[PDB]
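Here you get one chain, nothing else, as structure tokens; it is the form deposited in one PDB entry.
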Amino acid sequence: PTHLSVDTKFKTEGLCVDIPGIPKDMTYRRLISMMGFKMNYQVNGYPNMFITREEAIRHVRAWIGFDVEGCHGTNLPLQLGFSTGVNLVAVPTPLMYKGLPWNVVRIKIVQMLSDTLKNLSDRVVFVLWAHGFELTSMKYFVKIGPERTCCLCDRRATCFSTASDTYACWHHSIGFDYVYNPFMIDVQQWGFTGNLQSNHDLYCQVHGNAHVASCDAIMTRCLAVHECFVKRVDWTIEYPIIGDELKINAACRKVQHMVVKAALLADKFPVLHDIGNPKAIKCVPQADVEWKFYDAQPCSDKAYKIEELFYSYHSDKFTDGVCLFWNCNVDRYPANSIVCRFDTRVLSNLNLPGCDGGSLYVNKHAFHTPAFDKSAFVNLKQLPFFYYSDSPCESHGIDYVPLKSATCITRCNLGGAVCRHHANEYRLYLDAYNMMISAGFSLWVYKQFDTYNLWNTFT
């Protein structure tokens, strides 16, 4: 059971208004044939245009919602909407474009999917809430066949050119007119009562319905993301590396060790309450402090209510010492806390748009993160940048310019001039810090945190 069998049954009830008289008994094989495509018993890596919900989840970076509305059916114009917010109008003769023939519309479709997906995926997955016109319009911009490679590189082919008779990936498709071997999945097959809007609005209040096709394409993908990542969480699915994943993760660990280590030296808390990931380790292994752990998985729907984590009878007194919420998203953090919170609004190849203000962060694993909320940090302040090091001034073993900085908290800086070793390490730490902030993470600390208290930890 690797791929979706073409002999699987397709429920056609959702198609009978755009297609009256459609047989209740239908398979993917007959559906594809009816869409105008011929699969000629092909054993060439493209067994079916439609994929399983499990194959869709592994390829979430490829998801593009797609909906077609009737403006007036070969005689009338179609409005093509995509989850990118783009609406094109095809004539058979919320960015809204006027009516144009299919030969120019298909050129724009290749450009849009290529620029949207080149740094996300090796393919496209059209996420549908199928009513009929979107399947019957696919023959005008899609060509299928055996799996292929790009003419300019080794990636798989996602586009085709009728001008040159060649194939290309999303990076080399400039001037290409057809979508080659796309994938698709009908959300309506998953068994739902009622229309798209009623089901979307039960969980999401951020995407409204301006009745245009892109609005429905957006609600469709949002509902698919909710069903696969909000209410169903699977942290056993690995995702390919497509960016700075390894640098971001390493940076996050360095920043965590640094920030926690300095808070324990500056304020000398007797106990630390580590609230979060049940697999967590002490980030500052050699610290003096009484380290106590509390398990809480990454919340994917709503942020944890602090009353349900801390109350209902552990030291019991979370008000003693400091609380560490490293990626443990709560509605309101206590005043005595150190916090790392992912900002869902961040623009990046790792952060995909999500459900109800949330976002889908895909870094080795997929984590739907709830909406960023500035009100959760009322009792805290933003943690400013600083580099602390109590290690010795010793070079050992890269060209140099002297470092002058008020945030290089070291004996060498205290004593007048920063040494080469702490200048190299300071600059590296600032690069890891910038990587982490730019990736979307935000740091917050208790109001009494002051780096001035770190100078007396050198005598």
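Residue indices: 1-based, along the sequence shown.
Gap check for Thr93 to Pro94: 10 or more deposited residues are absent from the model. Unmodelled deposited residues between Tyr313 and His314: 1 to 3, per the record.
For the pair 39 to 47 and 422 to 430, the record assigns the higher mean C-alpha temperature factor to 39 to 47. When the C-alpha B-factors of 49 to 57 and 398 to 406 are averaged, 398 to 406 comes out higher. Residues shown: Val362, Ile338, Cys151, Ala224. Highest C-alpha temperature factor in the entry: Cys151. Ranking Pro182, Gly81, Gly357, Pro77 by Cα temperature factor from the entry places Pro77 first. When the modelled residues of the chain are ordered by their C-alpha B factor, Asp186 lands in the lowest third. Among the modelled residues of its chain, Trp455 has a C-alpha B-factor that falls in the middle third, as given in the PDB entry. When the modelled residues of the chain are ordered by their C-alpha B factor, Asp320 lands in the highest third.
In this PDB entry, the Cα temperature factor of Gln256 sits in the bottom third of its chain's modelled residues, the lowest group. For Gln111, the recorded CA temperature factor ranks within the lowest third of the chain's modelled residues.
There is also a form deposited with a small molecule bound; it is not shown, and the following applies to it.
Shown alone here, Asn199 lies farther than 4.5 Å from the small molecule in the deposited complex, counting heavy atoms only. In the deposited complex, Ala168 stays away from the small molecule, with no heavy atom inside 4.5 Å.
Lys381 falls outside the set of residues with a heavy atom inside 4.5 Å of the small molecule in the deposited complex. Using a 4.5 Å cutoff between non-hydrogen atoms, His211 counts as a contact of the small molecule in the deposited complex.
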